[PDB]
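S.K.:
In the working numbering, the protein residues as written are 42 to 136.
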């Protein structure tokens with residue numbers, strides 16, 4: 042239920058979401074999105090009683106902002122197309 046995904050536009054836009062969310066919290070001041078780097082991890086979350094009904098996803102991203110590397114965890118739900126920043130912290134050293 043985990044897989045590595047690539048770092049094209051959809052993944053970069055997760056990173057921009059994470060930075061936009063992190064900026065709202067302001068723990069690290071105002072950050073400027075740079076890029077998501079590898080590796081990017083995607084977890085598929087299933088409904089408990091479906092067969093293979095996908096509820097949504099959780100992503101673990103390494104994202105540079107304002108030249109600092111952060112670890113961001115995002116959840117994403119079909120149904121509501123809602124994204125939540127679960128966690129944003131750092132700076133971390135590069136993986």
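From the three backbone atoms N, C-alpha and C, an ideal C-beta is built for every residue, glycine too.
Note down, in chain order, each residue of its chain lying with its Cβ closer than 7 angstroms to the Cβ of residue 42, except the 5 sequence neighbours on either side.
M.R.: Here the set comprises 84, 85.
S.K.: Does the Cβ of residue 133 have 16 or more other Cβ atoms within 10 Å, making it buried, or fewer, making it exposed?
M.R.: Exposed.
S.K.: May I have a chain-ordered list of the beta strand (DSSP E) segments no shorter than 3 residues that lie completely inside the stretch 93 to 120?
M.R.: 95 to 106, 109 to 118, all fully within the stretch 93 to 120.
S.K.: Residue 63 and residue 102 look like a contact to me (Cβ under 8 angstroms); what is the Cβ gap, rounded to whole Å?
M.R.: Not quite, the Cβ-Cβ distance comes to about 11 angstroms (not below 8 angstroms), so this is no contact.
S.K.: Just verifying my parser: in three-state terms, what is the DSSP assignment at residue 77?
M.R.: In the structure shown, residue 77 sits in a strand (DSSP, three-state: E or B).
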